[PDB]
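Q:
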Amino acid sequence: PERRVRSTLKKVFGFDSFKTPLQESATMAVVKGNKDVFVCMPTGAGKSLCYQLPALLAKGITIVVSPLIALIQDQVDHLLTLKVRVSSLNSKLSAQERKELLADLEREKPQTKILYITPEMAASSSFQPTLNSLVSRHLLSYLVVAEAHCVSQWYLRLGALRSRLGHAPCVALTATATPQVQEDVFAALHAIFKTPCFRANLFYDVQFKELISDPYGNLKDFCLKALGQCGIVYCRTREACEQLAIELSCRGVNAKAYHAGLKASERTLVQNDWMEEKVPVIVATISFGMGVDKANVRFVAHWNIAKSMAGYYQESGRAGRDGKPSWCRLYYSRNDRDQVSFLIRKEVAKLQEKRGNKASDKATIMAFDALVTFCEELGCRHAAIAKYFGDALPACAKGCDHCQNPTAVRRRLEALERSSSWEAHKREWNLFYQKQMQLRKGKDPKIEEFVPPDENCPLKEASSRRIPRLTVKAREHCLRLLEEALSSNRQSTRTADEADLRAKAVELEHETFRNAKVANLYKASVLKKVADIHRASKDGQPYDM
DNA sequence: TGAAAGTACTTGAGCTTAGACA
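Count the first sequence with the authors' numbering and you get residues 12 to 165, 173 to 208, 214 to 252, 261 to 453, 498 to 620, in order.
Below you can see the structure in the form of structure tokens.
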């Protein structure tokens, strides 16, 4: 019975009932069974039980879309001694045991009910017959992806055990539910309810390093103001990770680093011993979306801006898993966003180059621009967060810089504009020029649409891309000009006929295209040849080749 | 009232990036 499994939650895990109406709706719907489940809620125990609890009455075996991508070795070492039958396997040694567990999988009605797997392996040949055998054996229930690394991926399918093996309802217990992302997981992924998180205990404050005379001292006193409880500082490069760690340790704040070309083995410590207060502060770029979301996270600081509002919120959500007031701060500067966008552009570029035009191509751009506006707009931080999520705008108090002083933050914003108007000079000019013209490019660059010649192009080497932005229409218009010039010369010189003039103009256009490299120079040469033809006609002699 | 050229010091920038093969 439903009440019986609700009590079994206590009998298996220990919780008498559901913590929040989140579970009371979502898990109830999963027990009934309606459709795909999309839930956004702060990472931790809750969202994990939102799929683990249905996995108790899994009707045999429940196939996870993917418990995140890594961490797994933390959820498997979270239920093996929780009165449940759970397994995962992926650490290569797996074979030792995995191999026969794959036979324990081949084994019908196994002593296993849960199976952790994620795009990392799975696509491997050890599973291609295994997945078909498992789905054909008796059943294959549920499909939980929890996180967003599906659409938000580096071969993420979005049509994996669903478009390719859809056999049961799906579960999406992510932590980010931006309108574009939720629409993508409704479409690309083929009860749904999100809590307006509010979280007044997280004092979202933004300080501009362009105005701070001593950013290092400011960040130090920010950490010291947060007392001695474990905190997180976010930056964007491993070199930055090392630099901030060294500077903070020299400033006192016991700092550290997560990634640096080091290794799981060469960081497992830094990470774990960060939970147990052995390391007070540790810095990373994106390597802290996992690793046991602990309770006493006193602050989360961003030395450099994030990649988006979704990214910023998902970093800042690795905090406040208590009543601890955790003032999370964002350090901002015009030089920073400048750099981020330039690389978001280079990424979007390469991507489009080795792909086609997708909604994500402009989605990343407008997400970063939304982050820029949020760090540049004037108003409550919680209100901006709700607006970006489309939730009810909260009139928060004592939760953001806007509500503290109604003119100091305005003064800082005004001074930001007044901070900077408008062999060392060459790089400065190049950076300024490219950054400024990236603003002219704006969002969704795209627009390539090289239409092939329609039916009867009179152009030698017509389908050529040696000259960028020289679409076929421009080319045959230039050939049209060349043929007009040839016809004028024919009238002014009284030669045979225009029948050979067609091939003559095609030859001239091909020669000009070969001698040219860019569209403007190609046109310059084309009308230079036209002017030469006109001059020859004016003189009187026939235009010889 | 102009007025000199090389060298020993400091300092302060400044950098894409996260999963699953040995």
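We put the beta carbon where it would ideally sit given N, CA and C, even for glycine.
Terminal residues of the continuous beta strand (DSSP E) containing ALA315?
A: Run containing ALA315: 312-315, per the beta strand (DSSP E) assignment.
Q: Looking at the unbroken beta strand (DSSP E) that takes in residue 257, where does it start and where does it end?
A: Coordinates for residue 257 are lacking, as the chain steps from 252 to 261 with nothing built in between.
Q: Quick check: what's the CA-CA separation for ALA337 versus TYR343?
A: 5 angstroms
Q: Leaving out the 5 sequence neighbours to the left and right, which residues in its chain are closer than 7 angstroms to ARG443 when beta-carbon positions are compared?
A: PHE231, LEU234
Q: With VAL199 and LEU154 assumed to form a contact (beta carbons below 8 angstroms), what rounded beta-carbon distance in angstroms separates them?
A: In fact, because the Cβ distance is near 18 angstroms, the residues do not count as touching under 8 angstroms.
Q: Is DSSP giving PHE49 helix, strand or coil here?
A: strand
Q: To which residues does DSSP link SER152 through a beta bridge?
A: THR73
Q: Assuming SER567 and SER612 make a contact with CB atoms under 8 angstroms, what is their CB distance in whole Å?
A: 4 angstroms
Q: List, from N- to C-terminal side, the beta strand (DSSP E) runs of 3 residues or more that fit wholly inside the region 336-366.
A: Here the runs fully enclosed are 360-363.
Q: Can you tell which of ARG282, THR218, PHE330 has the C-alpha that lies nearest to the C-alpha of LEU250?
A: Nearest option by C-alpha distance: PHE330.
Q: Tell me whether the beta-carbon of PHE226 lies closer than 7 angstroms to the beta-carbon of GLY430.
A: In this structure, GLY430 lies closer than 7 angstroms to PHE226 by Cβ.
Q: Could you compute how far the alpha carbon of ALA414 sits from the alpha carbon of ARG222?
A: 12 angstroms
Q: On the criterion of 16 or more Cβ atoms from any shown chain inside 10 Å, does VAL526 qualify as buried, or is it exposed?
A: exposed
Q: Write down the C-beta distance between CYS406 and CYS427 rounded to the nearest angstrom, noting that I regard them as a contact closer than 8 angstroms.
A: In fact, because the Cβ distance is near 17 angstroms, the residues do not count as touching under 8 angstroms.
Q: Can you tell me whether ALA594 is helix, strand or coil according to DSSP?
A: helix
Q: Output the distance between the C-alpha atoms of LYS124 and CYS434, rounded to the nearest integer angstrom.
A: 51 angstroms
Q: Kindly indicate which residue of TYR62, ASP88, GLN274, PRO219 has the alpha-carbon position closest to the one of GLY322.
A: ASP88
Q: Let me check understanding here. Comparing Cα to Cα, which of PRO543, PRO238, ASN564, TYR127 lies closest to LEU79?
A: Comparing C-alpha distances from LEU79 to each of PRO543, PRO238, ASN564, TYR127 shows the shortest one belongs to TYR127.
Q: By Cβ distance, which residues of its chain are closer than 7 angstroms to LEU64, with the 5 residues on each side in sequence left out?
A: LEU20, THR38
Q: Tell me where the alpha helix (DSSP H) around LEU225 begins and ends.
A: Per DSSP, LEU225 belongs to no alpha helix (DSSP H) and is neither H nor E.
Q: Could you give the first and the last residue of the continuous alpha helix (DSSP H) run that contains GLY57?
A: 56-67
Q: Could you say which of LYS548, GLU119, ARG541, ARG515 lies nearest to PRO528 if we only look at CA atoms?
A: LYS548
Q: Hey, could you find the ends of the alpha helix (DSSP H) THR438 is sitting in?
A: Counting along the chain, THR438 falls outside any alpha helix (DSSP H), and DSSP gives it neither H nor E.
Q: In its own chain, which residues sit with a C-beta less than 7 angstroms from the C-beta of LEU112, not counting the 5 before and 5 after it?
A: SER98, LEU100
Q: Determine which residues share a DSSP beta bridge with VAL264 and list them.
A: Answer by DSSP bridge pairing, in chain order: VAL314, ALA332.
Q: Please classify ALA81: does DSSP put it in a helix, a strand, or coil?
A: coil
Q: Output yes or no for whether 7 angstroms exceeds the beta carbon distance between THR141 and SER77.
A: It is not a contact, given that the beta carbons lie outside the stated cut-off.
Q: Which whole-angstrom value describes the C-beta separation of residue 212 and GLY71, a residue pair presumed to lie in contact below a C-beta threshold of 8 angstroms?
A: The structure shown gives no position for residue 212: in the chain, residue numbering passes from 208 to 214 with nothing in between.
Q: Examine the Cβ distances between the region 307-317 and the region 282-294 and report whether three or more of them are shorter than 8 angstroms.
A: yes
Q: Tell me which residues share the same chain as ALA40 and place their Cβ nearer than 7 angstroms to its Cβ, disregarding the 5 neighbours each side in the sequence.
A: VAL48, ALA214
Q: Output the distance between the C-alpha atoms of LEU116 and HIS149, rounded to the nearest integer angstrom.
A: 11 angstroms
Q: In the DSSP output, which residue or residues are listed as bridge partners for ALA288?
A: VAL314
Q: I think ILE608 touches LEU554, with their Cβ atoms under 8 angstroms apart; what is that distance to the nearest whole Å?
A: The Cβ separation is near 14 angstroms, so there is no contact.
Q: In whole angstroms, give me the CA-to-CA distance for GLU278 and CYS266.
A: Here the alpha carbons of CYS266 and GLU278 stand approximately 13 angstroms from one another.
Q: Per DSSP, what kind of secondary structure is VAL526 in: helix, strand or coil?
A: coil
Q: For the ligand PLP, I want to know if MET52 counts as a neighbour, meaning its beta carbon is within less than 6 angstroms of at least one of the ligand's heavy atoms.
A: By its list of ligands, the structure shown contains no ligand whatsoever, and the ligand PLP lies outside what it can speak to.
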